[PDB]
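Next come structure tokens for two forms of one protein chain, structure 1 first, structure 2 second.
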Structure 1
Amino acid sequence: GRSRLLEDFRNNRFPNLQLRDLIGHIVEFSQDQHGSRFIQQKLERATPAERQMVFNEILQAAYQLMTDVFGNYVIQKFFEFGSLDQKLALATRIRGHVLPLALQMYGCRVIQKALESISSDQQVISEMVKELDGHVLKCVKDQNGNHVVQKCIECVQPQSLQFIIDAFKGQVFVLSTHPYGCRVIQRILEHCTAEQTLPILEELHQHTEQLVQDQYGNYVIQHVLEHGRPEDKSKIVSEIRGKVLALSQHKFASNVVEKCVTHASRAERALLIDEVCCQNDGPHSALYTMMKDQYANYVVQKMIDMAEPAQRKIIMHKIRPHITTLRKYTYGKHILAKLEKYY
């Protein structure tokens, strides 16, 4: 029940209350929205002895506060301003409960804060991460857990993350189309060794055609194009070749086509552009179609920018007579600019 002290504070009877005055009341106040903000505020100016006073009390109820809508911020504040002995002690209260905390709306914030606050080489940390072993996919798919998984990947030594990689075996296609899975996969590509990512990249190439057209998978494919090895980039480009026109008019895949134009080799880029500028499959010209498309106009712009003089000139000549046309379409109103300030 709400003690007099808290009632009084909430009624503004203590307009300049000091942290020291909360001895015995820290845990109660931490679970109150206003008491919690008060403690957060005072911790930023508190002396070390004053922080320790607050620490002693919060430590005793650490798990409870970690899963509290208002107390979890007080816990986080010590990961922010506490000394390492204090952080390690709090981490110890996370240990043994990593899974339920990871899936919990407030608990998951505390875990991420610990991961950012405590040196990865500290046993505690290692122990915490290992508790996710056997639950990786459940966390990846959880609205709270997925951020914990990402933060582990961002913060911990990649060798220790082999179980996460193994967990993804045969699941890379499905999870790259997942709102959180795609983010986790991108973190993996960023942080794990080329050794670890090899099987991940393999499964990505297996399903490139599908992933480039997916609302989330298109981002994973773009990541590889922007950050991956040349040989992986060339694999993605080869999947795009022969499909430029179609993919360029696609809300998601248009973006991948752009990154292909930017990040391919001079020679690969030329072949892609050639598919737009210099081929004749049927009556309607590809360039003409792409020019005034809501999405493909962006691809045409990237091609004009990245093209060697010869191809650039052909594109310009082919657009030239269609000025009046590009006029009516919202989407040609950047292509026309480049046309004018090229002629």
Structure 2
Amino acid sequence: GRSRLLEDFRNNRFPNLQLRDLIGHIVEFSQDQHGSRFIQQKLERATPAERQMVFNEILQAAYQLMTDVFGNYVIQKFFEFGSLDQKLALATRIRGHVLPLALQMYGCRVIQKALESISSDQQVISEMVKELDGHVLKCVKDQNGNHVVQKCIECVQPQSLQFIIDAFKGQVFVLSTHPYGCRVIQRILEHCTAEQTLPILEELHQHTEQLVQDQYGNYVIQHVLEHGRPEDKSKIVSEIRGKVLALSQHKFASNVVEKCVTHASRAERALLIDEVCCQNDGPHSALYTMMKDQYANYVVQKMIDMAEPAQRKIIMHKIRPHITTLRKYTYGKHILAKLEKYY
């Protein structure tokens, strides 16, 4: 179960081995740790004829190599450097098995490579994508599958992805708090059409408070703040208003408040800063609490850099009476140069 060529190769007997030396031994080498790397590296510069010689051998073991820990790299190399015909032939061996492969550690890498290598205009890719219909959430929740779903969204014509949008109906919030689901949701926000992202964004806005405080959900909300439409940033802002001081002190939500300050309009950014700038909450002002907090102090620094003229004047004036008193904290010892750059 091991040709002599492979032994001598692994035993460093062939300092100048070449692709054409592997005639008849391609599938064997493709399953070997060093043989796979060797083939990968040689495929890049191989002639059309040499590449075809290789393809002819990988073809008869294609599916097997797709789920092989080393062989999968050889299959991918062909999606990168293969002819359109060789790529369509490999894809055809994927078709019929998309689901199992999507859920497989090495198979999912092959499917992903095919999606970025063949236009979604082709029937193979078109019919491949459709095999996921009826299993969308299963794949989203899978450690391997989720990456295939992300890949379809990034790569395939959005109109054909309506079955993915449909499968998230009613579960956008829940999946936005899921380690993998949050990634797929962001891909959707990036690549889908206005009609498709509409119901997605509606569900997000129905749970903003829970999302901004979630370990994954806060990324989904910042995405909208960073990349979304003004009408969606405004909805998010409306839910943050009346909550700035509170959310500012939260590990996750504090990043969302920073993003509201950065990507909100002039009148919105000031209404958020005013909430803590010219407002009050007992003996001291909201700024007093935020200054010393392990998280809110990052928000304070952000408002300072984004605030209007008359706004920064007040922020520094409420922070003024507590300067020397603000050294003990390991957190506030960074607002130091802060009140020395705009002071």
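The first residue in the sequence of structure 1 is number 1, and each one after it adds one. Note that the rigid core is defined as the largest set of C-alphas that superpose within 1.5 Å between two forms.
With both forms fitted on their core, the C-alpha atom of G145 sits 0.4 Å from where it sits in the other form; this compares the forms between structure 1 and structure 2. After superposition on the rigid core, the Cα atom of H34 is displaced by 1.4 Å between structure 1 and structure 2. In the core-superposed comparison between structure 1 and structure 2, the CA atom of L336 travels 2.4 Å.
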